[PDB]
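Below: one structure, written as structure tokens.
Values quoted throughout were computed directly from the atomic coordinates according to the rules given, and no laboratory measurement underlies them. Neighbour counts run over all protein chains shown; Cβ positions are idealised from the backbone, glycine included.
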Number of protein chains: 8
Amino acid sequence: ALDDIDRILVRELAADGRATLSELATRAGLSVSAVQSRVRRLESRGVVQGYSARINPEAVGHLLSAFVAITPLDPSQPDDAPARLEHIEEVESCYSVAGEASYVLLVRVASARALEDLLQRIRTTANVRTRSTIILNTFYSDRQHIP
Amino acid sequence: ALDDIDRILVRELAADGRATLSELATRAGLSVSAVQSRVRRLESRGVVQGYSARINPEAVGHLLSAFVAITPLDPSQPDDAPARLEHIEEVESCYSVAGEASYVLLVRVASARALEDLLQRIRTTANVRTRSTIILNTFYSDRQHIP
Amino acid sequence: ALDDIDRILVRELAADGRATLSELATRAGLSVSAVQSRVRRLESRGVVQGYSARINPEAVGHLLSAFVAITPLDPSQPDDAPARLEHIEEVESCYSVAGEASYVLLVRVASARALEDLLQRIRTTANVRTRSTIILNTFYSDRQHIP
Amino acid sequence: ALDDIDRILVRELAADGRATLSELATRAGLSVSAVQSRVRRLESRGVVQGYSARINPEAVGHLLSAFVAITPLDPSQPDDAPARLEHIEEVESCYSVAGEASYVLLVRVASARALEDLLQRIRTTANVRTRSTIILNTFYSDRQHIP
Amino acid sequence: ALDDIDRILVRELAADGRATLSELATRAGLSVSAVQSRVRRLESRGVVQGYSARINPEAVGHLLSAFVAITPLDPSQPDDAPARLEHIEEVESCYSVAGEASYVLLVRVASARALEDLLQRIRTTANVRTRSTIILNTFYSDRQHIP
Amino acid sequence: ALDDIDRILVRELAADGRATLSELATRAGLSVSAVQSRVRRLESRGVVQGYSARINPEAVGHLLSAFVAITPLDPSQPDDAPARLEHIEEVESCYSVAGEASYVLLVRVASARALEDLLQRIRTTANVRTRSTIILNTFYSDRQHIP
Amino acid sequence: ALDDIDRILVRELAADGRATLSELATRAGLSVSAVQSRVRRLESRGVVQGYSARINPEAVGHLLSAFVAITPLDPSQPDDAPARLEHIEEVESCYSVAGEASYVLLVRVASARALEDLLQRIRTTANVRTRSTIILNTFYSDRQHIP
Amino acid sequence: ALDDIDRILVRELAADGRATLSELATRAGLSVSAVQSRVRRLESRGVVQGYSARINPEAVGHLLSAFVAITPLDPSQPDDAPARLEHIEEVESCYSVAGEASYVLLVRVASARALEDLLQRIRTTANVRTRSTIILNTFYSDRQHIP
């Protein structure tokens, strides 16, 4: 389970990763000592996995994002595509999926011509066919819901 | 504008969004005041969009994730869909996309029966057909790359 | 849970629904009294739902079977298609599904021309579009696996 | 040949596969000996293929069901697939089908991670691509109709 | 009923629809009166549906042939489409079909521009979307087989 | 070209293959001598290719018809699929096509199980993958239009 | 027809639009007077339609090109989509097509976000659904072949 | 670099590729020497890629145009296809593309039979499957836009 003070803690940290032990103690109703305990334990148990600023990809030069659906070409070989593409830094996310493809990647790249290159690199390195869906706009991203 | 100092700062914040200004200052070769100032500008421009604790979706009860591709029943109407689905809390992300669908959603839910009720809700509020792809495993996600 | 005498009981009843309390007591290792207890309780709790002979559909005049995928046309209306088609006797099975369609039916019919009629009946009664996949041959059906 | 007595018997056995011969006899207007004889013939012809307890898949730990459509990587080879997948126990049903896929499987499994490993197994043993459709709910199933 | 004499007659008429009764009689071992009588019955039952000269479509100016698969814009309505398209003379054949489309048409036309105007006509009179597949060559057609 | 007495001749023979030189001379406006000339020349030049009675396929035991789209698997081999399947008598028609497939066949068969067999025979003999579309009903077939 | 001096003229002008009446007279084998005649007549008759420099689209700020397939939503309305989109300057080309869509456009735009906007403008102005295919790279374009 | 003078020049050359330097000079407010110099630089940079007479494809005997989408039979191989098809003269354009296919070709040909032979050639030289979409009409094309 998860007591609903740990739920108020995770709610508030999902919405503001830089919120201080201080201002959390007001809204939650504990002490700067007791708050800091719960948080460190939330992280010990893999409930909060880390803290990140959310960087706009366009600002840092990633003008084209895509979903890339991939399917291993040779079923007699071990299916290790995620581990094989792990070193490719333009792959942001890798999920296995129940659909037509075996995996979906989210990929970010400087331009359409850089995507073409990345696709070929993905195909020759993991040994897969690719089908990509270009993203035109993010309306919102990672709004984590804590029930 | 995005200089070498700014690149350093966005890197460090992507990797650790609770990094204190003092830690950031010594890593950038700056004073804490100059750091805080740079960081405020990153935030006011579009570059840093927020900070969030990365929460484990399974630990808070979201045992089933899915991509949902959606297509408007009447695409001639100017398109409402992201604003209308904004109020459904189990929608985590919304992207518009090229190809057959108009948008892809990432959605998270307690179970199979909750997925089916969520899909009815999405069909009705956005006036859309849905195509769903269940996520079986997340190998890695949100690995932001600053070039 | 389920103790692994109840597991040997369910294994053996999945494979032979007409097996007698007698011959079950040998293989399982109980008494004709103790076996009959476990079974009646397996049925009380919804573990065994019933007993059926497996009828060949072709023998009884059902020469064409199909999967029929259906999608409600109007998302402003309640989605009650399964309850609406419940009285149609040629629908053997109805599942909701995460894919392109909302439901998949398994349907059995006398001929291709009777399928055309059934499809129109399905469309006008539930208020859905249909996409059907014709079955050419059953290799095996309902081999229940008890882990 | 399928007379009115035989139709009665197959009906009663579809609805209750543990019906005793005496119950069957009085419902068909026959002696127990004539009943038993008719029933043996139904079994020896292709008409009654077996008897099974209908077991609740969730009660024995099969929390995830799926349709899997499969297409041979090399369709020129005469096709092996049903015999090869026969030894995978989580495959419950196998149908050959017209349209884009060659066969549809109904499959049952403990979880999402078990589904993904099962799909690798199916791709490799049958030499096939897979397309998966997760079942969210079974509204009704196996409702056999004798016209 | 379709005896060995009837099979002979339908064979000969499929291969030569202007065969005279006398020729037919000596091939069937019958009198001309018995022949004429058998043939009338084939016609009155559903077995022989008409006689036609096989005309070369290119010789009469039909330089472009196409399959057109059609799907109703509103499939809940009971379906009109064959009766409505019956009055378009360039529609040669109309079949209802299982799968994604509802009907397939074979259509013949003078040219590319005439095809495009025909497709607008089909979309509007039947209220359908169209999917077109141009025929490049007819290798053989109408080779009727009597088993 | 084709004079519009030859057009009235072809119109009337498309509609009635058994029409006599006699009754054609009335409607057309020639003599039993002059009619018979034009017809024999229409056949000399490949304008009328033959005469056929139109046999109902269901009457002769062909209860299932399909379109079968086929694509050669090996582009290094000559593409002779039509000539290879020419001896298979259940293929009524063979067209090359501009679409996803290279050819479309119309095929007629006794049952769903006979189609499965035919499909495998097609695949192993020509060296192709198959995708089939089952026909549920013919509304009208070969209505030849003479402009 | 087209004499094969007019063919050498069109061959050479397809390859070099700025070639002078002078250097054309050598290769072709005429006089600076006779060359200039043929060309002006080639243009009079709509054989050469104009002369254009081939501008690199990326150089002028068009970093994303797409094919956009469009289908009119309402078949009761006149189908005038090409004339309706004629004033939209980012549509470079408009073809009617025999396939799933009614028209294919080639479109050029500054970015993925500008494509999203253009797509909505296309949909609301002509009254159509859109399906787009993003171009990643042009290998060669408009190599006109003169047989 | 692309200044206001350069924009003027590329505009005028897109609209009339045989414009003489003197005409260009007075339109740009420059000397003929400065014009010629600017134009040489546009050519040497990547901006003006060539000049071509726009030839009417139907006037030189290309009565049938098509898009052909192509997908490699083995996508793991680094991809050859544009260089290999470069030597087929009826291929006018070649684009790589995102989505299901890898490239789209625009192709032009004398007739239907020539299309079918061209498609065999494309399948074999590039080792690809093909999907063809016939163009029925070109409403306008090559309308280059300089923003």
Item checked: Residue closest to axis [chain C; rotation mapping onto F; Cβ; Å] -> C:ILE134, 3
Next item on the list: Rounded to whole Å and sorted largest first, list the principal axis extents of the Cα atoms in chain A.
Entry: 56, 37, 24
Checklist line | Residue order, fewest to most beta carbons within 10 Å, for F:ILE8, A:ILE146 | finding: F:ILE8, A:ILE146
Margin query: Give me the net charge for the shell around G:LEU85: Cβ to Cβ below 15 angstrom, other residues only, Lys and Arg +1, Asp and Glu -1.
Written below: -1
Next item on the list: For the protein assembly as shown, evaluate the Debye formula with one uniform point scatterer on each Cα (no solvent term) and list log10 I(q)/I(0) at q = 0.04, 0.06 Å⁻¹, rounded to two decimals.
Entry: -0.28, -0.62
Check: Simple spin-label model, 7 Å along Cα-to-Cβ: A:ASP4 to B:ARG143 in nm?
Finding: 3.9
Note to self: Whole-Hz ³J(HN,Hα) for each residue in region F:3-9, computed from phi via Karplus 6.51 cos²θ - 1.76 cosθ + 1.60 with θ = phi - 60°, x for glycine and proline: what do you get?
What the structure shows: 4, 7, 9, 4, 6, 5, 4
Checklist line | Cβ charges +1 (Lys, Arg) and -1 (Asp, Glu), total dipole of the protein assembly as shown, debye | finding: 0
Notebook entry, point to check: Does region A:33-90 come out rounded, prolate or oblate by the C-alpha gyration tensor, with a ≥ b ≥ c the root eigenvalues, rounded set by a/c under 1.5 and, if not, prolate when a/b is larger than b/c and oblate if not?
Noted result: oblate
Next item on the list: Would you kindly derive the ³J(HN,Hα) couplings of region E:38-48 from the backbone phi angles with the Karplus curve 6.51 cos²θ - 1.76 cosθ + 1.60 (θ = phi - 60°), listing them in order in whole Hz, with x for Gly and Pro?
Entry: 3, 5, 4, 5, 4, 5, 7, 4, x, 7, 10
Checklist line | 3J(HN,Hα) from dihedral phi, region F:142-147, Karplus parametrisation 6.51/-1.76/1.60, rounded to Hz, x for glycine, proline | finding: 6, 6, 5, 9, 10, x
Notebook entry, point to check: So what are the radius of gyration and Dmax for the Cα set of region B:3-54, in Å?
Noted result: 10.1, 29
Notebook entry, point to check: Using the 10 angstrom Cβ neighbour count as an exposure proxy, how do B:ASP79, A:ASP74, H:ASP4 rank, fewest first?
Noted result: H:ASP4, A:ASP74, B:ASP79
Next item on the list: Compute the Kirkwood hydrodynamic radius of region D:62-132, taking the inverse of the mean of 1/r over all pairs of distinct Cα atoms, and give it in Å to one decimal.
Entry: 12.1
Note to self: Within 10 Å of each candidate Cβ there may be at most 15 other Cβ atoms; applying that plus a DSSP loop requirement, which trypsin sites (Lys or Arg not before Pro) in region G:114-147 survive?
What the structure shows: none
Margin query: Modelling each spin label as a point 7 Å along the Cα-to-Cβ direction, I'd like the E:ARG45/E:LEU73 distance in nm, to one decimal.
Written below: 4.5
Notebook entry, point to check: How much net charge surrounds E:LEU2 when only other residues with a Cβ under 12 Å from its Cβ are counted (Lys, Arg +1; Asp, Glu -1)?
Noted result: +1
Notebook entry, point to check: If each residue's Cβ is checked for other Cβ atoms within 10 Å, how do D:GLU116, D:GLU43 rank with the fewest at the top?
Noted result: D:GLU43, D:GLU116
Margin query: Quick one: the Cα spread of region G:97-147 along its three principal axes, in angstroms, biggest first?
Written below: 42, 28, 15
Checklist line | Farthest positive-ward along chain A dipole, Cα basis, beta-carbon charges - from A:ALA53, A:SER132, A:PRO75 | finding: A:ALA53
Next item on the list: Name the residues whose placed amide hydrogens come within less than 5 Å of the amide hydrogen of D:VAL128, ignoring near sequence neighbours (fewer than 5 apart) on the same chain.
Entry: D:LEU73
